[PDB]
Amino acid sequence: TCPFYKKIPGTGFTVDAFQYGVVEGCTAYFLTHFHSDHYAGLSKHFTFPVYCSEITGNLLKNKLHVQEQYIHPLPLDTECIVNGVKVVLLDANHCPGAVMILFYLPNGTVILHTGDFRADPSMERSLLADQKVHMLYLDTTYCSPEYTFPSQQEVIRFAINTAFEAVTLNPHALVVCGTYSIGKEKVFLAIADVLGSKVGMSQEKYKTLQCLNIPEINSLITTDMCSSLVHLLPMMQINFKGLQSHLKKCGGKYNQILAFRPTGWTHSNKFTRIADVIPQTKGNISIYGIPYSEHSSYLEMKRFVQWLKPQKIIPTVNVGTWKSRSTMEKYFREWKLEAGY
Ligand code: NI
């Protein structure tokens with residue numbers, strides 16, 4: 001059964017609620033982004049209307065084979081009417097095609113559902129600036145002050161410099177990057193660009209990337225592994241055994257692997273600045289864990305919420321424990337008392 005924080009009161013609408021069978025009274029199903037915890041339950045057999053971005057809709061059609069007649073893509077930053085209710089999709093600064101959704105309820109209530117997001121000051125100059133929001137359904141993934149990590153730009157700078165240095169010192173090194181979902185494409189694309197290589201990958205991953213409207217993509221990716229010195233592999237293979245095994249397959253073209261595991265936050269962020277990060281090494285294989293986040297840091301989330309001044313906040317992440325729920329409620333009250341709304 002569908003939980004309360006996936007329902008939009010005063011509408012026939014749900015958000016990210018595909019794993020509960022037919023939801024009672026739901027006339028339209030919104031999908032914020034193509035990540036499996038959110039799309040869970042969609043397939044070619046789904047026969048209700050799905051509302052989403054253009055990119056999410058390309059993925060629904062080509063990866064899950066949802067039939068075209070039930071896909072309703074909407075443009076961003078554009079007031080649209082859906083079953084009698086005005087909605088707007090805004091860029092969530094998450095993975096490709098990820099949106100936040102503003103709902104203008106018939107009774108005058110305004111609701112913002114962030115989906116998954118990485119709050120940024122640029123959002124303070126979207127269509128959010130124009131009006132009041134009564135209820136915020138907030139991605140609270142990292143809602144605790146211990147969650148600090150660098151900007152995406154700093155992390156990419158570290159990665160490009162690291163890869164460029166290693167391959168310039170050794171022209172026979174291979175760079176490997178781990179993946180398990182869409183998002184974080186900048187990591188592997190930036191590395192390939194500085195090295196003048198295309199990124200090589202499986203047919204299934206190439207297919208996924210072809211759905212994402214990235215400019216000049218035919219120029220950056222390939223299924224021909226032998227022509228590439230940046231390879232993508234599944235995240236589970238990014239360990240000394242899986243990499244030793246991959247190196248065997250490259251037929252004596254390479255004698256070293258430098259690999260990257262983009263993670264979210266890890267506890268080493270408590271102690272170690274991005275500049276100071278070092279790999280785990282065994283023989284001719286080095287592995288860097290880099291904190292490339294597509295969710296708000298605590299400080300980024302706090303700044304967004306204190307700007308927005310919502311009347312009520314409903315968390316959508318870490319909602320399963322009393323300890324988490326209590327912690328999050330205490331922060332929302334601090335924020336409110338500090339800023340005065
Ligand atoms: Ni996500």
# chains A, B, ... in the order shown; residues from 1 in each chain; ligands from 1
>>> residues_around(residues="residue 35 (chain A)", least_positions_apart="4", cutoff="9 Å", atoms="only C-alpha atoms", output="list in words")
residues 39, 40, 95, 181 and 182 of chain A
>>> residues_near_ligand(ligand="ligand 1", cutoff="12 Å", atoms="only C-alpha atoms and all ligand atoms", output="number ranges by chain")
A: 16, 31-39, 92-100, 114-118, 139-141, 180-184, 264, 293-296, 316-317
>>> closest_residue(among="A:4, A:260, A:149, A:46", to="residue 231 (chain A)", atoms="only C-alpha atoms")
A:260
>>> closest_atom_pairs(of="region 68-105 of chain A", to="region 129-135 of chain A", cutoff="10 Å", atoms="only C-alpha atoms", output="JSON lines")
{"residue": "A:102", "atom": "CA", "partner": "A:133", "partner_atom": "CA", "distance": 8.8}
{"residue": "A:103", "atom": "CA", "partner": "A:133", "partner_atom": "CA", "distance": 9.6}
{"residue": "A:104", "atom": "CA", "partner": "A:133", "partner_atom": "CA", "distance": 9.4}
>>> closest_residue(among="A:50, A:212, A:232, A:301", to="residue 328 (chain A)", atoms="only C-alpha atoms")
A:301
>>> closest_residue(among="A:12, A:86, A:258, A:338", to="residue 165 (chain A)", atoms="only C-alpha atoms")
A:258
>>> closest_atom_pairs(of="region 122-212 of chain A", to="region 61-76 of chain A", cutoff="9 Å", atoms="only C-alpha atoms", output="Markdown table")
| residue | atom | partner | partner_atom | distance |
| --- | --- | --- | --- | --- |
| A:207 | CA | A:63 | CA | 8.2 |
| A:208 | CA | A:63 | CA | 7.2 |
| A:211 | CA | A:62 | CA | 7.8 |
>>> write_last_selection(atoms="C-alpha atoms", output="PDB file, in the first residue's frame")
ATOM      1  CA  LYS A 207      21.801   2.351 -25.078  1.00  0.00           C
ATOM      2  CA  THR A 208      20.972   4.096 -21.767  1.00  0.00           C
ATOM      3  CA  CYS A 211      18.418   8.291 -24.382  1.00  0.00           C
TER       4      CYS A 211
END
>>> select_by_dssp(residues="region 267-338 of chain A", states="strand (DSSP E or B)", output="ChimeraX atom specification")
/A:280-282,285-290,312-315
>>> residues_around(residues="region 22-28 of chain A", least_positions_apart="5", cutoff="8 Å", atoms="only C-alpha atoms", output="list in words")
residues 1, 2, 12, 13, 14, 48, 49, 50 and 51 of chain A
>>> write_last_selection(atoms="N, CA and C atoms", output="short mmCIF file (atom, residue, chain, number, x, y, z; two decimals), in the first residue's frame")
data_model
loop_
_atom_site.label_atom_id
_atom_site.label_comp_id
_atom_site.auth_asym_id
_atom_site.auth_seq_id
_atom_site.Cartn_x
_atom_site.Cartn_y
_atom_site.Cartn_z
N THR A 1 0.80 -1.28 0.00
CA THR A 1 0.00 0.00 0.00
C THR A 1 0.82 1.32 0.00
N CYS A 2 0.36 2.26 -0.80
CA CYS A 2 1.06 3.50 -1.03
C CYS A 2 1.16 4.37 0.22
N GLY A 12 -5.76 13.92 -7.86
CA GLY A 12 -5.74 12.51 -8.17
C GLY A 12 -4.30 12.05 -8.38
N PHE A 13 -3.31 12.64 -7.69
CA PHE A 13 -1.93 12.47 -8.17
C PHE A 13 -1.06 11.68 -7.17
N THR A 14 -0.14 10.82 -7.67
CA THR A 14 0.94 10.26 -6.87
C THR A 14 2.28 10.58 -7.52
N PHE A 48 -1.68 3.22 -17.14
CA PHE A 48 -2.17 4.54 -16.68
C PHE A 48 -1.25 5.64 -17.22
N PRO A 49 -1.72 6.91 -17.20
CA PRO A 49 -0.85 7.97 -17.72
C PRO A 49 0.35 8.21 -16.75
N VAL A 50 1.53 8.37 -17.35
CA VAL A 50 2.76 8.68 -16.59
C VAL A 50 3.20 10.05 -17.07
N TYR A 51 3.44 10.97 -16.13
CA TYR A 51 3.91 12.34 -16.44
C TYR A 51 5.36 12.46 -15.96
#
>>> residues_around(residues="residue 283 (chain A)", least_positions_apart="2", cutoff="12 Å", atoms="only C-alpha atoms", output="ChimeraX atom specification")
/A:240-241,243-244,255-258,280-281,285-287
>>> residues_around(residues="residue 225 (chain A)", least_positions_apart="4", cutoff="8 Å", atoms="only C-alpha atoms", output="VMD selection string")
chain A and resid 200 to 201 229 231
>>> write_last_selection(atoms="N, CA and C atoms", output="PDB file, in the first residue's frame")
ATOM      1  N   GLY A 200      34.511   3.789 -23.521  1.00  0.00           N
ATOM      2  CA  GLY A 200      34.040   2.500 -23.927  1.00  0.00           C
ATOM      3  C   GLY A 200      33.229   1.766 -22.896  1.00  0.00           C
ATOM      4  N   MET A 201      32.154   1.097 -23.356  1.00  0.00           N
ATOM      5  CA  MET A 201      31.194   0.501 -22.479  1.00  0.00           C
ATOM      6  C   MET A 201      30.369  -0.593 -23.144  1.00  0.00           C
ATOM      7  N   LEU A 229      40.658   4.243 -24.192  1.00  0.00           N
ATOM      8  CA  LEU A 229      41.400   4.060 -22.918  1.00  0.00           C
ATOM      9  C   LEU A 229      40.739   4.604 -21.644  1.00  0.00           C
ATOM     10  N   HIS A 231      37.426   3.021 -19.810  1.00  0.00           N
ATOM     11  CA  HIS A 231      36.376   2.029 -19.787  1.00  0.00           C
ATOM     12  C   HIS A 231      35.396   2.178 -18.623  1.00  0.00           C
TER      13      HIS A 231
END
>>> atom_distance(atom1="CA of residue 302 (chain A)", atom2="CA of residue 79 (chain A)")
27.2 Å
>>> atom_distance(atom1="CA of residue 56 (chain A)", atom2="CA of residue 30 (chain A)")
10.8 Å
>>> atom_distance(atom1="CA of residue 334 (chain A)", atom2="CA of residue 265 (chain A)")
23.5 Å
>>> residues_around(residues="residue 327 (chain A)", least_positions_apart="4", cutoff="12 Å", atoms="only C-alpha atoms", output="JSON list (two decimals) with N, CA and C atoms, in the first residue's frame")
[["chain", "number", "residue", "atom", "x", "y", "z"],
["A", 140, "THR", "N", 15.59, 14.47, 1.97],
["A", 140, "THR", "CA", 16.33, 14.66, 3.22],
["A", 140, "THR", "C", 17.49, 13.62, 3.35],
["A", 142, "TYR", "N", 20.79, 13.58, 3.10],
["A", 142, "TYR", "CA", 21.88, 14.04, 3.97],
["A", 142, "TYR", "C", 21.56, 15.17, 5.00],
["A", 143, "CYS", "N", 20.39, 15.07, 5.63],
["A", 143, "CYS", "CA", 19.90, 16.01, 6.61],
["A", 143, "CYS", "C", 20.50, 15.80, 8.01],
["A", 144, "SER", "N", 21.81, 16.02, 8.08],
["A", 144, "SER", "CA", 22.55, 16.05, 9.34],
["A", 144, "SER", "C", 23.89, 16.73, 9.12],
["A", 145, "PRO", "N", 24.31, 17.60, 10.05],
["A", 145, "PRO", "CA", 25.50, 18.47, 9.79],
["A", 145, "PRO", "C", 26.79, 17.77, 9.55],
["A", 315, "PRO", "N", 9.40, 15.06, 5.00],
["A", 315, "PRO", "CA", 10.60, 14.34, 4.49],
["A", 315, "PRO", "C", 10.21, 13.13, 3.68],
["A", 318, "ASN", "N", 14.89, 8.70, 4.76],
["A", 318, "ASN", "CA", 15.21, 8.42, 6.18],
["A", 318, "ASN", "C", 13.95, 8.46, 7.04],
["A", 319, "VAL", "N", 12.83, 8.09, 6.47],
["A", 319, "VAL", "CA", 11.58, 8.18, 7.21],
["A", 319, "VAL", "C", 11.24, 6.91, 8.05],
["A", 321, "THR", "N", 12.82, 5.32, 10.75],
["A", 321, "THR", "CA", 13.21, 5.20, 12.15],
["A", 321, "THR", "C", 12.74, 6.41, 12.92],
["A", 322, "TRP", "N", 12.34, 6.17, 14.18],
["A", 322, "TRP", "CA", 12.01, 7.26, 15.06],
["A", 322, "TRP", "C", 13.19, 8.21, 15.32],
["A", 323, "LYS", "N", 14.38, 7.66, 15.50],
["A", 323, "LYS", "CA", 15.56, 8.45, 15.71],
["A", 323, "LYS", "C", 15.79, 9.41, 14.52],
["A", 331, "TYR", "N", 16.08, 19.70, 13.38],
["A", 331, "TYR", "CA", 16.73, 20.64, 12.41],
["A", 331, "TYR", "C", 15.73, 21.57, 11.75],
["A", 332, "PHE", "N", 14.55, 21.10, 11.32],
["A", 332, "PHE", "CA", 13.62, 22.00, 10.65],
["A", 332, "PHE", "C", 13.20, 23.17, 11.59],
["A", 333, "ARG", "N", 13.03, 22.82, 12.85],
["A", 333, "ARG", "CA", 12.66, 23.87, 13.88],
["A", 333, "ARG", "C", 13.82, 24.88, 14.10],
["A", 334, "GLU", "N", 15.07, 24.39, 14.19],
["A", 334, "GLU", "CA", 16.21, 25.30, 14.27],
["A", 334, "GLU", "C", 16.16, 26.28, 13.11]]
>>> closest_residue(among="A:313, A:101, A:29, A:112", to="residue 80 (chain A)", atoms="only C-alpha atoms")
A:101
>>> closest_residue(among="A:150, A:6, A:215, A:246", to="residue 113 (chain A)", atoms="only C-alpha atoms")
A:6
>>> decode(residues="region 116-144 of chain A", atoms="N, CA, C and O atoms", output="compact mmCIF listing (two decimals), in the first residue's frame")
# COMPACT_ATOMS: atom_id res chain seq x y z
N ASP A 116 14.38 13.66 -5.91
CA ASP A 116 15.77 13.67 -5.46
C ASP A 116 16.40 14.97 -6.03
O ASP A 116 16.23 15.27 -7.21
N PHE A 117 17.15 15.71 -5.23
CA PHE A 117 17.81 16.97 -5.68
C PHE A 117 19.14 17.30 -5.00
O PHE A 117 19.42 16.82 -3.91
N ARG A 118 19.93 18.16 -5.66
CA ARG A 118 21.06 18.84 -5.08
C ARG A 118 20.83 20.33 -5.10
O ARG A 118 21.00 20.99 -6.12
N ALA A 119 20.35 20.85 -3.96
CA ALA A 119 19.99 22.22 -3.88
C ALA A 119 21.12 23.11 -4.30
O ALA A 119 22.31 22.83 -3.97
N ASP A 120 20.77 24.20 -5.01
CA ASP A 120 21.75 25.15 -5.47
C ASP A 120 21.16 26.55 -5.46
O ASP A 120 19.98 26.67 -5.69
N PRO A 121 22.00 27.59 -5.26
CA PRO A 121 21.45 28.95 -5.23
C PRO A 121 20.76 29.34 -6.51
O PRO A 121 19.85 30.18 -6.50
N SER A 122 21.12 28.70 -7.62
CA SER A 122 20.46 29.00 -8.90
C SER A 122 18.97 28.74 -8.90
O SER A 122 18.20 29.37 -9.64
N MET A 123 18.53 27.85 -8.02
CA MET A 123 17.09 27.57 -7.88
C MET A 123 16.29 28.73 -7.29
O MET A 123 15.07 28.76 -7.40
N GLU A 124 16.98 29.63 -6.63
CA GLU A 124 16.34 30.85 -6.02
C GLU A 124 15.90 31.85 -7.15
O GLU A 124 15.16 32.80 -6.90
N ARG A 125 16.32 31.60 -8.41
CA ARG A 125 15.91 32.36 -9.59
C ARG A 125 15.23 31.54 -10.68
O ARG A 125 15.29 31.81 -11.88
N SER A 126 14.56 30.50 -10.26
CA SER A 126 13.68 29.79 -11.14
C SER A 126 12.30 30.40 -10.96
O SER A 126 12.15 31.36 -10.19
N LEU A 127 11.26 29.75 -11.51
CA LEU A 127 9.84 30.10 -11.20
C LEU A 127 9.43 29.93 -9.74
O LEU A 127 8.33 30.34 -9.37
N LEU A 128 10.28 29.37 -8.87
CA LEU A 128 10.02 29.40 -7.41
C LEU A 128 10.00 30.80 -6.79
O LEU A 128 9.41 31.01 -5.73
N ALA A 129 10.72 31.74 -7.38
CA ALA A 129 10.86 33.08 -6.80
C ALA A 129 9.52 33.84 -6.63
O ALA A 129 9.26 34.50 -5.60
N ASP A 130 8.65 33.64 -7.60
CA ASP A 130 7.34 34.31 -7.76
C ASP A 130 6.23 34.11 -6.75
O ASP A 130 5.20 34.79 -6.90
N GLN A 131 6.34 33.11 -5.87
CA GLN A 131 5.22 32.77 -4.98
C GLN A 131 5.56 31.85 -3.83
O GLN A 131 6.59 31.22 -3.74
N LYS A 132 4.61 31.86 -2.94
CA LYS A 132 4.63 31.18 -1.72
C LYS A 132 4.39 29.71 -1.93
O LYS A 132 3.59 29.35 -2.79
N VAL A 133 5.04 28.88 -1.11
CA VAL A 133 4.87 27.42 -1.07
C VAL A 133 4.39 26.99 0.30
O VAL A 133 5.07 27.25 1.30
N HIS A 134 3.26 26.33 0.38
CA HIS A 134 2.69 25.96 1.67
C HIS A 134 3.31 24.67 2.20
O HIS A 134 3.57 24.58 3.41
N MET A 135 3.52 23.67 1.32
CA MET A 135 4.05 22.36 1.73
C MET A 135 5.25 21.94 0.82
O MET A 135 5.17 22.09 -0.41
N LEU A 136 6.32 21.49 1.46
CA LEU A 136 7.58 21.01 0.82
C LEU A 136 7.77 19.51 1.12
O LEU A 136 7.87 19.11 2.30
N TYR A 137 7.88 18.69 0.07
CA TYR A 137 8.13 17.25 0.22
C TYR A 137 9.62 17.18 -0.17
O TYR A 137 9.96 17.32 -1.36
N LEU A 138 10.45 17.03 0.85
CA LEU A 138 11.90 17.29 0.78
C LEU A 138 12.77 16.04 0.75
O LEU A 138 12.66 15.10 1.67
N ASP A 139 13.68 16.00 -0.24
CA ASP A 139 14.75 15.00 -0.24
C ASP A 139 15.71 15.29 0.91
O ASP A 139 16.52 16.23 0.84
N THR A 140 15.59 14.47 1.97
CA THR A 140 16.33 14.66 3.22
C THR A 140 17.49 13.62 3.35
O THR A 140 17.92 13.30 4.48
N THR A 141 18.00 13.10 2.22
CA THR A 141 19.05 12.05 2.23
C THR A 141 20.19 12.37 3.19
O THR A 141 20.52 11.51 4.04
N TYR A 142 20.79 13.58 3.10
CA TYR A 142 21.88 14.04 3.97
C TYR A 142 21.56 15.17 5.00
O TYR A 142 22.38 16.07 5.24
N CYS A 143 20.39 15.07 5.63
CA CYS A 143 19.90 16.01 6.61
C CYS A 143 20.50 15.80 8.01
O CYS A 143 19.81 15.43 8.95
N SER A 144 21.81 16.02 8.08
CA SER A 144 22.55 16.05 9.34
C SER A 144 23.89 16.73 9.12
O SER A 144 24.56 16.47 8.10
